Amino acid sequence: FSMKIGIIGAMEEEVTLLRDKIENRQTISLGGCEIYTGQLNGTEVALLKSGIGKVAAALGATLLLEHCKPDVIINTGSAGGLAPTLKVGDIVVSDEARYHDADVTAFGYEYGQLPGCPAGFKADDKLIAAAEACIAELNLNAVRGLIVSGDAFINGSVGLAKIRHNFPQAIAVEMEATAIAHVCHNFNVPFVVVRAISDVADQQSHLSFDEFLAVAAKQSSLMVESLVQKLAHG
Amino acid sequence: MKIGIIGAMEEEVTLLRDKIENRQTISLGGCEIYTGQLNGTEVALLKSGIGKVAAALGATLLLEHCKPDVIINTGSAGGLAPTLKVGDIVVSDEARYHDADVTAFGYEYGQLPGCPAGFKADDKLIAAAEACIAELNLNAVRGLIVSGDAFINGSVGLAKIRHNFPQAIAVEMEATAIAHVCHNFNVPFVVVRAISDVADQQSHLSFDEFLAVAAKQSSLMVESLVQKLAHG
Ligand SMILES: Nc1ncnc2c(CN3C[C@H](CSc4ccc(Cl)cc4)[C@@H](O)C3)c[nH]c12
Ligand SMILES: Nc1ncnc2c(CN3C[C@H](CSc4ccc(Cl)cc4)[C@@H](O)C3)c[nH]c12
């Protein structure tokens, strides 16, 4: 009864469903961000709306950790699906996060690695196990594996090809997860990403996202709600 | 007046750090912040680490813990403008991400949703930096500086920057992140960096050779600019 779960979503649509469900809700406004505090089905939560891309996610995550000191972080939201069995609405769970757009290979760092960081950030094993238990209980289709982040909306063409080449094992792509993982790494806070597929990052991904962002928000929010309850009680 | 100063690499902050008197160190989130006085002016110097996220996390800690009135971003840069040589100064009038692309939804190339397409540096800070450049007889260019999470080393990476930002005068990896955090907190910023290489196919070798020259030139400029701002 003394756990506080931090949850981070980038777009307002990505946090609005959870935000609705928060009891005794209060809003903290700082640094261009909002954090909603209160309880989700009894469990104390702090839900950050970060805004879009790596710096917004990093600024937001840093305020959430400093102001709220959550025990763990769960990153919720939509994603572009890369793994072949994924369909719109399916869940993706991070094993690990990597930047697809960092390149200091001129000095022999690994592609995707920034100097001062590990080449990728591992998500927490217990959080991952708890997410997989929720996926089973909810009877959802999910893939676990590497999620890659960058400051680009992937829409086929080179951008997609470059990711498939550099990270053939990446299951999904998005724009905040890695930055949240990098902040959590620096503060020793366990994280997991539990997103849902809104598009498959190909030349029609903008139209698929226009159509399916809400479905992905709903599916990822349902998972996060289940996860929070499982973590809190088992 | 409290002046915030941010450099990414330890080599980019060390010279200033050696000069801070009444010095205390805050160690937090993988960053270090050194507080005290630089030639009688209160400063807070952040060593942020490398790239956009490190810079953003560190800038956010510095603004929260130290509440500086302004931010100056110091360090090295890849020179893009034709009149630039190694050691020369670049001063931002504006900062943009060269690697942000949400053009699929019709944002401007380099713009992230929720941000302006570029972040404008502070006119009073720019004017003070140009007075310092003239007094020290330096060669400098003022203009757009672009940031990304890549060390630019010629070939297609460089070509893409030149296509998208023909007006960019230099490239680096943190400034626009610092600008964005400053934007969100309504804190004025300026970038005053110096050229270690020209972001071409041999930029790694030039950086091997001239990082220290650039850290020195940018640090000496910063020290002069601090003095000018606080004391005229
Ligand atoms: N193909 C893809 N590529 C990168 N990220 C995503 C995402 C996940 N995010 C949703 C969102 C897409 S970019 C955008 C567009 C308009 C507006 Cl108002 C706000 C943001 C980013 O937060 C990352 C889903 N599919 C993606
Ligand atoms: N051609 C270029 N491209 C991008 N950034 C820079 C910069 C400015 N920075 C220095 C540094 C280059 S990457 C690097 C390599 C070794 C180690 Cl230990 C740590 C970092 C980044 O902070 C950005 C100078 N030239 C640049």
# chains A, B, ... in the order shown; residues from 1 in each chain; ligands from 1
$ interface_residues --of "chain A" --to "chain B" --cutoff "9 Å" --atoms "only C-alpha atoms" --output "ChimeraX atom specification"
/A:30-33,51-63,66,101-107,114-117,150-155,179-180,182-188,205-206
$ closest_atom_pairs --of "chain A" --to "ligand 1" --cutoff "10 Å" --atoms "only C-alpha atoms and all ligand atoms" --output "CSV"
residue,atom,partner,partner_atom_place_in_ligand_line,distance
A:9,CA,ligand 1,22 (O),8.1
A:10,CA,ligand 1,22 (O),5.2
A:11,CA,ligand 1,22 (O),5.7
A:12,CA,ligand 1,18 (Cl),8.7
A:13,CA,ligand 1,18 (Cl),9.0
A:14,CA,ligand 1,10 (C),8.2
A:50,CA,ligand 1,22 (O),9.1
A:51,CA,ligand 1,22 (O),7.0
A:52,CA,ligand 1,22 (O),4.5
A:53,CA,ligand 1,22 (O),6.0
A:54,CA,ligand 1,22 (O),9.3
A:56,CA,ligand 1,22 (O),9.8
A:57,CA,ligand 1,22 (O),9.2
A:76,CA,ligand 1,8 (C),9.6
A:77,CA,ligand 1,8 (C),6.6
A:78,CA,ligand 1,8 (C),4.6
A:79,CA,ligand 1,24 (C),3.5
A:80,CA,ligand 1,25 (N),3.8
A:81,CA,ligand 1,25 (N),7.5
A:82,CA,ligand 1,1 (N),9.3
A:148,CA,ligand 1,4 (C),9.2
A:149,CA,ligand 1,4 (C),7.4
A:150,CA,ligand 1,4 (C),7.2
A:151,CA,ligand 1,4 (C),7.6
A:152,CA,ligand 1,4 (C),5.8
A:153,CA,ligand 1,3 (N),3.6
A:154,CA,ligand 1,3 (N),3.9
A:155,CA,ligand 1,1 (N),5.8
A:156,CA,ligand 1,1 (N),8.5
A:159,CA,ligand 1,3 (N),9.5
A:160,CA,ligand 1,1 (N),8.9
A:172,CA,ligand 1,26 (C),8.4
A:173,CA,ligand 1,4 (C),5.6
A:174,CA,ligand 1,5 (N),3.4
A:175,CA,ligand 1,23 (C),4.5
A:176,CA,ligand 1,23 (C),6.6
A:177,CA,ligand 1,23 (C),9.0
A:195,CA,ligand 1,8 (C),8.5
A:196,CA,ligand 1,24 (C),8.5
A:197,CA,ligand 1,24 (C),7.0
A:198,CA,ligand 1,24 (C),5.7
A:199,CA,ligand 1,25 (N),5.7
A:200,CA,ligand 1,1 (N),6.4
A:201,CA,ligand 1,1 (N),4.0
A:202,CA,ligand 1,1 (N),7.3
A:203,CA,ligand 1,1 (N),9.4
A:204,CA,ligand 1,1 (N),9.3
A:205,CA,ligand 1,1 (N),5.7
A:206,CA,ligand 1,1 (N),7.2
A:208,CA,ligand 1,25 (N),8.8
A:209,CA,ligand 1,25 (N),6.4
A:210,CA,ligand 1,16 (C),8.8
A:212,CA,ligand 1,24 (C),9.5
A:213,CA,ligand 1,24 (C),7.5
A:216,CA,ligand 1,24 (C),8.8
A:217,CA,ligand 1,10 (C),9.8
$ atom_distance --atom1 "atom CA of residue B:46" --atom2 "atom CA of residue B:26"
9.3 Å
$ closest_residue --among "A:178, A:41, A:166, A:26" --to "residue A:226" --atoms "only C-alpha atoms"
A:41
$ atom_distance --atom1 "atom CA of residue B:164" --atom2 "atom 4 (C, counted along the ligand's line) of ligand 2"
16.0 Å
$ residues_around --residues "stretch 218-224 of chain A" --least-positions-apart "6" --cutoff "12 Å" --atoms "only C-alpha atoms" --output "PyMOL selection string"
chain A and resi 5-9+13-21+40-41+45+47+73-79+88-93+127-128+130-142+192-198+212+230-231
$ closest_residue --among "B:72, B:229, B:212, B:198" --to "ligand 2" --atoms "only C-alpha atoms and all ligand atoms"
B:198
$ atom_distance --atom1 "atom CA of residue A:72" --atom2 "atom CA of residue A:163"
28.6 Å
$ closest_residue --among "A:108, A:145, A:168, A:234" --to "ligand 2" --atoms "only C-alpha atoms and all ligand atoms"
A:108
$ select_by_dssp --residues "stretch 46-194 of chain B" --states "alpha helix (DSSP H)" --output "VMD selection string"
chain B and resid 52 to 66 123 to 136 155 to 164 175 to 185
$ write_last_selection --atoms "N, CA and C atoms" --output "compact mmCIF listing (two decimals), in the first residue's frame"
# COMPACT_ATOMS: atom_id res chain seq x y z
N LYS B 52 20.69 15.21 -27.18
CA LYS B 52 19.52 16.00 -26.90
C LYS B 52 18.85 15.66 -25.53
N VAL B 53 18.65 14.36 -25.28
CA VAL B 53 18.05 13.95 -24.02
C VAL B 53 18.92 14.29 -22.83
N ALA B 54 20.22 14.02 -22.90
CA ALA B 54 21.11 14.37 -21.77
C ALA B 54 21.00 15.89 -21.49
N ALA B 55 21.07 16.67 -22.57
CA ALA B 55 21.02 18.12 -22.42
C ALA B 55 19.70 18.58 -21.82
N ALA B 56 18.61 17.93 -22.25
CA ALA B 56 17.27 18.33 -21.77
C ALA B 56 17.12 18.01 -20.27
N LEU B 57 17.56 16.81 -19.88
CA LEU B 57 17.44 16.33 -18.47
C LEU B 57 18.28 17.31 -17.62
N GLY B 58 19.51 17.60 -18.07
CA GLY B 58 20.41 18.48 -17.31
C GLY B 58 19.92 19.92 -17.27
N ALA B 59 19.38 20.44 -18.38
CA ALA B 59 18.88 21.82 -18.40
C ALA B 59 17.71 21.93 -17.43
N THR B 60 16.85 20.89 -17.44
CA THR B 60 15.67 20.89 -16.55
C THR B 60 16.13 20.90 -15.08
N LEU B 61 17.11 20.06 -14.76
CA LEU B 61 17.68 20.08 -13.34
C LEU B 61 18.29 21.42 -12.99
N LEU B 62 18.98 22.04 -13.94
CA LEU B 62 19.64 23.31 -13.65
C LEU B 62 18.60 24.42 -13.41
N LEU B 63 17.58 24.51 -14.29
CA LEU B 63 16.55 25.52 -14.10
C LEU B 63 15.80 25.29 -12.77
N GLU B 64 15.43 24.06 -12.50
CA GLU B 64 14.72 23.74 -11.23
C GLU B 64 15.57 23.99 -9.97
N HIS B 65 16.83 23.56 -9.98
CA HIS B 65 17.61 23.59 -8.73
C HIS B 65 18.25 24.95 -8.57
N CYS B 66 18.61 25.62 -9.67
CA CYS B 66 19.41 26.85 -9.56
C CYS B 66 18.70 28.14 -9.95
N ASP B 123 17.95 38.61 -27.88
CA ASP B 123 18.62 39.71 -28.57
C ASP B 123 19.67 40.45 -27.69
N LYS B 124 19.37 40.67 -26.41
CA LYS B 124 20.33 41.37 -25.54
C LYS B 124 21.59 40.47 -25.32
N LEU B 125 21.34 39.18 -25.13
CA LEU B 125 22.52 38.23 -25.00
C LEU B 125 23.35 38.19 -26.29
N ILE B 126 22.67 38.18 -27.46
CA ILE B 126 23.40 38.16 -28.74
C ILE B 126 24.26 39.45 -28.85
N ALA B 127 23.64 40.60 -28.60
CA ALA B 127 24.37 41.92 -28.71
C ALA B 127 25.58 41.94 -27.77
N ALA B 128 25.40 41.41 -26.54
CA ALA B 128 26.51 41.40 -25.58
C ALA B 128 27.63 40.49 -26.11
N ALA B 129 27.25 39.31 -26.63
CA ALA B 129 28.25 38.38 -27.19
C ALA B 129 28.98 39.07 -28.37
N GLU B 130 28.26 39.81 -29.23
CA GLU B 130 28.96 40.48 -30.38
C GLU B 130 29.88 41.61 -29.90
N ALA B 131 29.51 42.27 -28.79
CA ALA B 131 30.44 43.32 -28.23
C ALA B 131 31.75 42.62 -27.75
N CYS B 132 31.61 41.49 -27.05
CA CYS B 132 32.79 40.71 -26.62
C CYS B 132 33.66 40.29 -27.82
N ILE B 133 33.03 39.78 -28.89
CA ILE B 133 33.76 39.32 -30.06
C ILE B 133 34.59 40.51 -30.62
N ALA B 134 33.95 41.67 -30.73
CA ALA B 134 34.68 42.85 -31.29
C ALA B 134 35.86 43.26 -30.35
N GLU B 135 35.63 43.26 -29.04
CA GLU B 135 36.65 43.69 -28.05
C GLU B 135 37.82 42.72 -28.08
N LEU B 136 37.53 41.43 -28.32
CA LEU B 136 38.60 40.39 -28.32
C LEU B 136 39.19 40.18 -29.69
N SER B 155 29.43 13.22 -46.16
CA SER B 155 28.56 12.24 -46.86
C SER B 155 27.06 12.64 -46.82
N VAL B 156 26.16 11.67 -46.62
CA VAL B 156 24.75 11.97 -46.86
C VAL B 156 24.21 12.76 -45.65
N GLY B 157 24.75 12.49 -44.45
CA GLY B 157 24.31 13.24 -43.29
C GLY B 157 24.53 14.75 -43.44
N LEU B 158 25.69 15.13 -43.97
CA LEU B 158 25.96 16.50 -44.16
C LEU B 158 25.11 17.09 -45.27
N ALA B 159 24.96 16.31 -46.36
CA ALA B 159 24.17 16.76 -47.50
C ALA B 159 22.71 17.11 -47.06
N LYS B 160 22.15 16.25 -46.24
CA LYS B 160 20.80 16.46 -45.77
C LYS B 160 20.62 17.75 -44.96
N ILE B 161 21.57 18.05 -44.09
CA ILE B 161 21.59 19.33 -43.35
C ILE B 161 21.69 20.52 -44.28
N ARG B 162 22.58 20.42 -45.25
CA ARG B 162 22.71 21.51 -46.20
C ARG B 162 21.45 21.69 -47.07
N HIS B 163 20.77 20.60 -47.45
CA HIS B 163 19.49 20.70 -48.15
C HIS B 163 18.38 21.37 -47.33
N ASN B 164 18.21 20.88 -46.13
CA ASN B 164 17.15 21.37 -45.23
C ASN B 164 17.39 22.73 -44.57
N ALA B 175 22.35 22.17 -28.32
CA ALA B 175 21.83 23.51 -28.22
C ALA B 175 20.31 23.66 -28.37
N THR B 176 19.73 22.94 -29.31
CA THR B 176 18.33 23.14 -29.60
C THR B 176 17.52 22.49 -28.45
N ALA B 177 18.03 21.40 -27.88
CA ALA B 177 17.40 20.81 -26.70
C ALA B 177 17.38 21.79 -25.53
N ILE B 178 18.51 22.43 -25.30
CA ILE B 178 18.61 23.46 -24.27
C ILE B 178 17.65 24.59 -24.58
N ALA B 179 17.63 25.03 -25.84
CA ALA B 179 16.68 26.12 -26.25
C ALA B 179 15.21 25.75 -25.96
N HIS B 180 14.84 24.49 -26.26
CA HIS B 180 13.49 24.01 -26.11
C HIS B 180 13.12 24.01 -24.61
N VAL B 181 14.03 23.48 -23.79
CA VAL B 181 13.74 23.49 -22.35
C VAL B 181 13.59 24.96 -21.89
N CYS B 182 14.51 25.83 -22.33
CA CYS B 182 14.45 27.26 -21.96
C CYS B 182 13.12 27.88 -22.41
N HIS B 183 12.68 27.50 -23.60
CA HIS B 183 11.40 27.98 -24.15
C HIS B 183 10.27 27.65 -23.19
N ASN B 184 10.24 26.39 -22.71
CA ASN B 184 9.16 25.90 -21.88
C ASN B 184 9.15 26.54 -20.52
N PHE B 185 10.30 27.05 -20.08
CA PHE B 185 10.39 27.75 -18.81
C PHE B 185 10.48 29.28 -18.96
$ select_by_dssp --residues "stretch 102-149 of chain A" --states "strand (DSSP E or B)" --output "number ranges by chain"
A: 103, 121-122, 142-149
$ write_last_selection --atoms "N, CA, C and O atoms" --output "mmCIF file, in the first residue's frame"
data_model
loop_
_atom_site.group_PDB
_atom_site.id
_atom_site.type_symbol
_atom_site.label_atom_id
_atom_site.label_comp_id
_atom_site.auth_asym_id
_atom_site.auth_seq_id
_atom_site.Cartn_x
_atom_site.Cartn_y
_atom_site.Cartn_z
ATOM 1 N N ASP A 103 23.824 8.715 -33.802
ATOM 2 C CA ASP A 103 24.919 8.185 -34.603
ATOM 3 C C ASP A 103 26.198 8.928 -34.270
ATOM 4 O O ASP A 103 26.469 10.023 -34.796
ATOM 5 N N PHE A 121 18.660 0.550 -23.512
ATOM 6 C CA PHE A 121 18.194 0.625 -22.093
ATOM 7 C C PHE A 121 17.267 -0.522 -21.828
ATOM 8 O O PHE A 121 16.195 -0.605 -22.450
ATOM 9 N N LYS A 122 17.617 -1.365 -20.840
ATOM 10 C CA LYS A 122 16.760 -2.572 -20.628
ATOM 11 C C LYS A 122 15.539 -2.230 -19.739
ATOM 12 O O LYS A 122 15.692 -1.605 -18.725
ATOM 13 N N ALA A 142 0.034 -9.676 -28.466
ATOM 14 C CA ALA A 142 1.120 -8.748 -28.154
ATOM 15 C C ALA A 142 2.433 -9.303 -28.680
ATOM 16 O O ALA A 142 2.525 -10.532 -28.990
ATOM 17 N N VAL A 143 3.433 -8.422 -28.851
ATOM 18 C CA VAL A 143 4.814 -8.844 -29.125
ATOM 19 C C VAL A 143 5.686 -8.115 -28.095
ATOM 20 O O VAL A 143 5.455 -6.922 -27.789
ATOM 21 N N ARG A 144 6.645 -8.851 -27.539
ATOM 22 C CA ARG A 144 7.663 -8.274 -26.644
ATOM 23 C C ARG A 144 9.001 -8.108 -27.401
ATOM 24 O O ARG A 144 9.408 -9.021 -28.172
ATOM 25 N N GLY A 145 9.738 -7.008 -27.168
ATOM 26 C CA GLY A 145 11.007 -6.919 -27.875
ATOM 27 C C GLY A 145 11.494 -5.472 -27.916
ATOM 28 O O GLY A 145 11.088 -4.638 -27.097
ATOM 29 N N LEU A 146 12.424 -5.210 -28.818
ATOM 30 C CA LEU A 146 13.113 -3.889 -28.826
ATOM 31 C C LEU A 146 12.116 -2.829 -29.397
ATOM 32 O O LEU A 146 11.506 -3.022 -30.438
ATOM 33 N N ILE A 147 11.985 -1.692 -28.722
ATOM 34 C CA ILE A 147 11.265 -0.562 -29.315
ATOM 35 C C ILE A 147 12.287 0.537 -29.598
ATOM 36 O O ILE A 147 13.126 0.810 -28.728
ATOM 37 N N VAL A 148 12.201 1.160 -30.782
ATOM 38 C CA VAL A 148 13.208 2.189 -31.094
ATOM 39 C C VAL A 148 12.522 3.562 -31.138
ATOM 40 O O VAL A 148 11.367 3.626 -31.560
ATOM 41 N N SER A 149 13.203 4.628 -30.712
ATOM 42 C CA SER A 149 12.624 5.970 -30.725
ATOM 43 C C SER A 149 13.481 6.934 -31.521
ATOM 44 O O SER A 149 14.615 6.765 -31.613
#
$ decode --residues "stretch 92-104 of chain B" --atoms "N, CA, C and O atoms" --output "CSV table (one decimal), in the first residue's frame"
chain,number,residue,atom,x,y,z
B,92,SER,N,24.4,31.8,-31.7
B,92,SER,CA,23.1,31.5,-32.3
B,92,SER,C,22.2,32.8,-32.3
B,92,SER,O,22.0,33.5,-31.3
B,93,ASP,N,21.6,33.0,-33.5
B,93,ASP,CA,20.4,33.8,-33.4
B,93,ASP,C,19.1,33.0,-33.2
B,93,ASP,O,18.1,33.5,-32.8
B,94,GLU,N,19.2,31.7,-33.6
B,94,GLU,CA,18.1,30.8,-33.5
B,94,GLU,C,18.7,29.3,-33.5
B,94,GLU,O,19.8,29.1,-33.9
B,95,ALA,N,17.9,28.4,-33.0
B,95,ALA,CA,18.3,27.0,-32.9
B,95,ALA,C,17.2,26.1,-33.5
B,95,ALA,O,16.0,26.4,-33.2
B,96,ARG,N,17.5,25.2,-34.3
B,96,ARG,CA,16.5,24.2,-34.9
B,96,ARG,C,17.0,22.8,-34.8
B,96,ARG,O,18.3,22.5,-35.0
B,97,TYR,N,16.1,21.8,-34.6
B,97,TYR,CA,16.6,20.4,-34.8
B,97,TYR,C,16.7,20.1,-36.3
B,97,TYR,O,15.8,20.3,-37.0
B,98,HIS,N,17.8,19.5,-36.7
B,98,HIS,CA,18.0,19.1,-38.1
B,98,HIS,C,17.4,17.7,-38.3
B,98,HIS,O,17.3,17.3,-39.5
B,99,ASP,N,17.2,17.0,-37.2
B,99,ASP,CA,16.8,15.6,-37.4
B,99,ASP,C,15.3,15.3,-36.9
B,99,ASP,O,14.9,14.1,-36.6
B,100,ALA,N,14.5,16.4,-36.8
B,100,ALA,CA,13.1,16.2,-36.4
B,100,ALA,C,12.3,16.3,-37.7
B,100,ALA,O,12.4,17.1,-38.5
B,101,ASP,N,11.4,15.3,-37.9
B,101,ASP,CA,10.6,15.2,-39.1
B,101,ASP,C,9.2,14.7,-38.8
B,101,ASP,O,9.0,13.5,-38.7
B,102,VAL,N,8.3,15.6,-38.6
B,102,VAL,CA,6.8,15.2,-38.6
B,102,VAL,C,6.1,15.9,-39.8
B,102,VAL,O,4.9,16.3,-39.7
B,103,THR,N,6.8,16.0,-40.9
B,103,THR,CA,6.3,16.6,-42.1
B,103,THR,C,5.1,15.8,-42.7
B,103,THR,O,4.3,16.3,-43.5
B,104,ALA,N,5.0,14.5,-42.3
B,104,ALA,CA,3.8,13.7,-42.7
B,104,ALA,C,2.5,14.3,-42.2
B,104,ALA,O,1.5,14.0,-42.8
